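A.B. asks: Provided hereafter are the protein sequence and its experimental coordinates.
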Amino acid sequence: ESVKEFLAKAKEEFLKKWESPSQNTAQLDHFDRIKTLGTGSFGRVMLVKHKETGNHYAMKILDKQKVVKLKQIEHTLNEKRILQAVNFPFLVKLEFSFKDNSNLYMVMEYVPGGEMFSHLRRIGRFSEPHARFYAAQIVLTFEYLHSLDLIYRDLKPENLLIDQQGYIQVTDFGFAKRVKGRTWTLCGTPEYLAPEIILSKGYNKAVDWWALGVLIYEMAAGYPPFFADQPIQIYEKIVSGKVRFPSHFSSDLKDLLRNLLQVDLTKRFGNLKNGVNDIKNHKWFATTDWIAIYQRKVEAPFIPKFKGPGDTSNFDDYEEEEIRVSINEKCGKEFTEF
Ligand SMILES: N=C(N)c1ccncc1
Ligand SMILES: N=C(N)c1ccncc1
């Protein structure tokens, strides 16, 4: 009942913000730009500093014209509407949002420890206790998101930032969506796609649990289970129903992964009658104090090295491009609700 009442309040609070989203809560010249932290086909993330408070933030900047051309309008409206409505210890907090003639802006907390991906590639692979600590946070986060009828759809090490306490902060909700029932969009990253996405089926939250299997495998092995030079070859391996495990994997880890990497979505852990509890009660998680993880009372496997809230050393170097704002409004109709 404690979990039921927790999730009921979580949904109440989400729905109130979902039905009346915040809009236009800062403007660009409230900030100084410091450094580009990442770049994509239609957007960027920049470290910025608020000029009055001195606080640092990660500012996601999306080019409206490029969003339209890459057919990401609905997805970018999803991302902002969801981010301004959610609240969970392992989700990056949105602090401000606004738009101008050219761009959409989402200003969120800056997490200086960097992407899990960098740390995983630096060390090679995580020990099972280390992987399990992160996995437990994703399990709780998906329990939260799925109870709100939200599917995340982009789980991968690059989207998991490590904070000052060594805990995960999930970022990039660009593919997240509120879904009652099925949805159909081809999106994600090839190595993490569930078979039913590859096969163009109407799919559901079970794709997140498949991706968790991929993530746990990758954290514990150092590489994902389905790897190939071309996406088509990755997809053939994903749908095959065959995975090989390193001998150093524990038997419990292999058993959990076989049930998360279940190609038949109707047999996949997280999608059975007991839902998330088939995962939480699995022997691989026997040492996990779920409440202590939620309360952030467990000592983390490591704390990232950084000097302070403005340190960018755990992110990499990109060409610094202008934040140009047209004299004329672009795509106003498409982004009215942003
Ligand atoms: N890539 C990001 N959205 C990000 C968020 C927070 N801190 C750093 C990066
Ligand atoms: N003390 C623990 N590790 C613990 C394990 C499972 N459930 C609660 C606590």
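C.D. replies: Happy to help now that I have it. Residues are numbered from 1 along each chain as shown. Ligands and ions are numbered 1, 2, ... in the order given.
A.B. asks: Which single residue of the protein ends up nearest ligand 1?
C.D. replies: Per C-beta to the nearest ligand atom, residue 58 is where the chain lies closest to ligand 1, at 3.4 Å. Every C-beta, even on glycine, is put in place using the N, C-alpha and C of the backbone.
A.B. asks: Count the neighbours of residue 320 for me.
C.D. replies: By other C-beta atoms under 10 Å, the residues close to residue 320 number 10.
A.B. asks: what's near enough to touch it?
C.D. replies: 35, 36 (C-beta atoms under 8 Å, 6 or more residues apart in numbering).
A.B. asks: ok, now with 7 Å
C.D. replies: Residues near residue 320 by C-beta atoms under 7 Å, 6 or more residues apart in numbering: residue 36.
A.B. asks: does it count as helix, strand or coil?
C.D. replies: Here residue 320 is recorded as coil under DSSP: H, G, I helix; E, B strand; the rest coil.
A.B. asks: roughly how far apart are it and residue 299?
C.D. replies: 38 Å (C-beta to C-beta, to the nearest Å).
A.B. asks: With residue 72 instead?
C.D. replies: Per C-beta to C-beta, residue 72 is found 40 Å from residue 299.
A.B. asks: Would you mind listing what in the stretch 1-150 of the chain touches ligand 1?
C.D. replies: Proximity of the stretch 1-150 of the chain to ligand 1 is confined to 37, 38, 45, 58, 60, 92, 108, 110, 111 under the rule C-beta under 6 Å from any ligand atom.
A.B. asks: ok, residue 72 and residue 299, which is more surrounded?
C.D. replies: residue 72 (20 against 9).
A.B. asks: What residues does the more buried one make contact with?
C.D. replies: Residue 72 neighbours (C-beta under 7 Å, 6+ apart): residue 42.
A.B. asks: and residue 161, what element?
C.D. replies: Assigned by DSSP states H and E, residue 161 falls within strand 160-162.
A.B. asks: What separation is there between the residue in the stretch 151-300 of the chain positioned nearest to ligand 2 and residue 136?
C.D. replies: Closest residue of the stretch 151-300 of the chain to ligand 2, C-beta to the nearest ligand atom: residue 289 (3.6 Å). From residue 289 across to residue 136, the span is 9 Å (C-beta to C-beta).
A.B. asks: what about those two, which has more around it?
C.D. replies: Taking neighbours as other C-beta under 10 Å, residue 289 and residue 136 compare with residue 136 leading, 23 against 12.
A.B. asks: Identify the residues contacting that one.
C.D. replies: Residue 136 neighbours (C-beta under 7 Å, 6+ apart): 285, 288, 290, 293.
A.B. asks: May I see the buried residues of stretch 152-171?
C.D. replies: For stretch 152-171, burial by neighbour count (16 or more other C-beta atoms under 10 Å) applies to 152-157, 159-163, 166-171.
A.B. asks: again, but for stretch 202-211
C.D. replies: The neighbour-count check on stretch 202-211 (16+ other C-beta under 10 Å) flags 203, 204, 205, 206, 207, 208, 209, 210, 211 as buried.
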